[PDB]
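Encoded as C-alpha cells, the structure appears first; notes follow it.
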2 protein chains.
Amino acid sequence: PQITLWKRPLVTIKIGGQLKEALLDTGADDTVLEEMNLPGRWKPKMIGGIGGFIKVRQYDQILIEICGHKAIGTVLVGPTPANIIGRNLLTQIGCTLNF
Amino acid sequence: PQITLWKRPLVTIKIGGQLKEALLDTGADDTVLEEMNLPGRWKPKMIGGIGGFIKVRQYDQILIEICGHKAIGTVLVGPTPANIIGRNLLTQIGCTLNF
C-alpha cells in the first residue's frame with residue numbers, strides 16, 4: 001500500500017520459509033539479505049556503498065513475499081547490517097515513489 | 001510527482017546555488033552530498049552502511065530545492081560516491097512509497 005517515510009520503511013518478508021524484517025530501499029539497485037541458507041548454486045560478486053566493498057553470494061530465481069506480495073528474483077547474501085529490498089524486487093510488486 | 005523504479009531515481013537539486021544530480025533514497029536516514037562548500041558552522045559525525053564508515057561534515061538549516069520543491073534541513077558533506085537525499089528531506093516534500 002502507501003508508506004510515509006517518517007520512520008525506516010520496514011516490512012515483513014518471507015523467504016526460504018523464514019520470517020524476517022527488511023528495508024524497502026530505492027537507493028539500492030539490488031537486494032541484499034543477512035546470513036541465511038538458500039537453494040541452488042551461487043557466485044561471488046561484490047557490492048559497494050558508503051565506506052567499503054563487502055563480499056556477497058548471488059542466488060537467482062529466489063521466491064520472496066514482501067508485505068504479502070509474491071515476487072521472484074535475484075537475492076544477495078553477505079555481511080550486511082540490515083536486510084535490503086532493492087529496485088530489482090521493488091519493481092515486481094509495483095512499488096513507486098510519489099510526492 | 002510519481003516515479004517508477006526501473007532506473008535509479010535521480011532528480012535535479014539546487015543547493016548553495018549550484019545544480020546537481022541526487023538519488024532519492026528511502027534506505028537512508030540522512031542526506032549526504034559529495035564535496036562542496038556550504039554556509040555556517042559544522043561538526044564531525046559519522047555515517048555507516050555497506051562496507052565501512054566515512055567521515056562527514058554536518059550542516060543545519062540548509063535550503064535545498066529537489067525536483068523543484070522547497071525544503072530546509074540538515075545536509076552532510078563527505079567522501080560519498082553519489083548525492084543521497086534521505087528521509088529527513090523526503091518527508092518535507094511529502095514523498096511516500098506506494099505499491
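We name chains A, B, ... following the order of the C-alpha cells; residues begin at 1 in each chain, and ligands are numbered from 1 as shown.
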ask   = In chain B, what's alpha helix (DSSP H) per DSSP? Answer as a count of residues only?
value = 4
Could you produce a table of the residues of chain A lying within 7 Å of chain B, with the nearest pair of atoms per residue and their separation in Å rounded to one decimal, using only C-alpha atoms, ordered by chain and increasing residue number, as a tab-separated table?
residue	atom	partner	partner_atom	distance
A:1	CA	B:99	CA	5.0
A:2	CA	B:98	CA	4.3
A:3	CA	B:97	CA	4.9
A:4	CA	B:96	CA	4.6
A:5	CA	B:87	CA	6.0
A:6	CA	B:91	CA	6.4
A:23	CA	B:27	CA	6.7
A:24	CA	B:27	CA	6.7
A:25	CA	B:27	CA	4.4
A:26	CA	B:25	CA	5.1
A:27	CA	B:25	CA	4.4
A:48	CA	B:50	CA	6.3
A:49	CA	B:50	CA	5.5
A:50	CA	B:49	CA	5.5
A:51	CA	B:52	CA	3.7
A:52	CA	B:51	CA	3.7
A:53	CA	B:51	CA	4.9
A:54	CA	B:51	CA	5.4
A:80	CA	B:50	CA	6.3
A:87	CA	B:5	CA	6.0
A:91	CA	B:5	CA	6.1
A:93	CA	B:99	CA	6.3
A:94	CA	B:99	CA	5.1
A:95	CA	B:99	CA	4.1
A:96	CA	B:4	CA	4.6
A:97	CA	B:97	CA	4.9
A:98	CA	B:2	CA	4.3
A:99	CA	B:95	CA	4.1
Let's have the selection written as a short mmCIF file (atom, residue, chain, number, x, y, z; two decimals), in the first residue's frame, with N, CA and C atoms.
data_model
loop_
_atom_site.label_atom_id
_atom_site.label_comp_id
_atom_site.auth_asym_id
_atom_site.auth_seq_id
_atom_site.Cartn_x
_atom_site.Cartn_y
_atom_site.Cartn_z
N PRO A 1 0.84 -1.22 0.00
CA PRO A 1 0.00 0.00 0.00
C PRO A 1 0.86 1.26 0.00
N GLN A 2 0.42 2.27 0.75
CA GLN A 2 1.16 3.52 0.85
C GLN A 2 2.00 3.49 2.12
N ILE A 3 3.15 4.15 2.07
CA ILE A 3 4.05 4.20 3.21
C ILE A 3 4.77 5.55 3.31
N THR A 4 4.55 6.26 4.41
CA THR A 4 5.22 7.54 4.59
C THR A 4 6.67 7.20 4.92
N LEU A 5 7.50 8.21 5.14
CA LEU A 5 8.91 7.95 5.42
C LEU A 5 9.44 8.59 6.69
N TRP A 6 8.56 8.84 7.66
CA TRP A 6 8.98 9.44 8.91
C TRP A 6 9.80 8.44 9.72
N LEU A 23 14.26 -3.71 4.76
CA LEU A 23 14.10 -2.30 4.41
C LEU A 23 13.86 -2.11 2.91
N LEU A 24 12.80 -1.38 2.56
CA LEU A 24 12.47 -1.10 1.17
C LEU A 24 13.38 0.07 0.83
N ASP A 25 14.37 -0.17 -0.02
CA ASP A 25 15.34 0.87 -0.35
C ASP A 25 15.47 1.25 -1.82
N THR A 26 14.95 2.43 -2.15
CA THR A 26 15.00 2.96 -3.52
C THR A 26 16.43 3.34 -3.94
N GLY A 27 17.34 3.39 -2.97
CA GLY A 27 18.72 3.74 -3.26
C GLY A 27 19.61 2.53 -3.48
N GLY A 48 29.02 -2.27 -3.43
CA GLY A 48 29.60 -1.16 -2.70
C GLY A 48 28.61 -0.11 -2.24
N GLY A 49 29.11 0.85 -1.47
CA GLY A 49 28.28 1.92 -0.96
C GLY A 49 29.11 2.86 -0.12
N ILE A 50 28.56 3.31 1.00
CA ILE A 50 29.28 4.20 1.90
C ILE A 50 30.33 3.40 2.68
N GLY A 51 31.59 3.79 2.54
CA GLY A 51 32.65 3.09 3.24
C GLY A 51 33.44 2.16 2.34
N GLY A 52 33.09 0.88 2.37
CA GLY A 52 33.79 -0.09 1.55
C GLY A 52 32.92 -1.18 0.95
N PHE A 53 33.63 -2.01 0.24
CA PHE A 53 33.01 -3.04 -0.55
C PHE A 53 32.80 -4.24 0.37
N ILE A 54 31.91 -5.27 0.37
CA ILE A 54 31.66 -6.44 1.19
C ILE A 54 31.46 -7.55 0.16
N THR A 80 25.91 -7.95 5.74
CA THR A 80 25.23 -6.66 5.73
C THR A 80 24.55 -6.41 7.07
N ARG A 87 15.65 -2.24 -5.97
CA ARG A 87 14.82 -1.98 -7.14
C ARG A 87 14.51 -3.20 -7.99
N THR A 91 10.23 -3.37 -8.18
CA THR A 91 9.50 -3.19 -9.43
C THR A 91 8.41 -4.25 -9.61
N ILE A 93 6.53 -5.79 -7.40
CA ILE A 93 5.34 -5.52 -6.61
C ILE A 93 4.75 -4.16 -6.96
N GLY A 94 5.25 -3.57 -8.05
CA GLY A 94 4.77 -2.28 -8.50
C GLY A 94 4.95 -1.15 -7.50
N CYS A 95 6.12 -1.10 -6.88
CA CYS A 95 6.42 -0.07 -5.90
C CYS A 95 6.97 1.19 -6.56
N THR A 96 6.29 2.32 -6.34
CA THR A 96 6.73 3.59 -6.91
C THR A 96 6.88 4.67 -5.84
N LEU A 97 7.58 5.74 -6.20
CA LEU A 97 7.78 6.87 -5.30
C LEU A 97 6.77 7.93 -5.71
N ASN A 98 6.32 8.73 -4.74
CA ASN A 98 5.35 9.77 -5.02
C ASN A 98 5.50 10.96 -4.08
N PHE A 99 5.35 12.16 -4.63
CA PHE A 99 5.46 13.37 -3.84
C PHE A 99 4.82 14.56 -4.56
#
task = Measuring atom to atom with only C-alpha atoms, identify which of A:78, A:22, A:70, A:65 is nearest to residue 44 of chain A.
result =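 Closest to residue 44 of chain A of all the choices is A:78.
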inquiry  = So, with only C-alpha atoms as the atoms that count, which of B:38, B:72, B:46, B:15 lies closest to residue 59 of chain B?
reply    =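 Going through B:38, B:72, B:46, B:15 one by one, the smallest distance to residue 59 of chain B is for B:38.
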query = Neighbours of residue 12 of chain A within 9 Å (only C-alpha atoms; same-chain residues fewer than 3 positions away dropped), as a ChimeraX atom specification?
reply = /A:19-22,65-68
message = Give me, as JSON, numbers by chain, the residues of chain A that a backbone DSSP run labels strand (DSSP E).
response = {"A": [2, 3, 10, 11, 12, 13, 14, 15, 18, 19, 20, 21, 22, 23, 24, 32, 33, 46, 47, 54, 55, 57, 58, 59, 60, 61, 62, 63, 65, 66, 72, 73, 74, 75, 76, 77, 84, 85, 96, 97, 98]}
request  = Could you tell me how far atom CA of residue 43 of chain B lies from atom CA of residue 56 of chain B, in Å and to one decimal?
outcome  =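 Computed distance, atom CA of residue 43 of chain B to atom CA of residue 56 of chain B, equals 8.3 Å.
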Coordinates-based distance that separates atom CA of residue 32 of chain A from atom CA of residue 32 of chain B (Å, one decimal) = 21.6 Å
request  = May I have the residues within 12 Å of residue 42 of chain B as number ranges by chain, using only C-alpha atoms and disregarding those fewer than 3 positions away in the same chain?
outcome  = B: 37-39, 45, 56-62, 74-77
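If you look at atom CA of residue 16 of chain B and atom CA of residue 64 of chain B, they are 7.8 Å away from each other.
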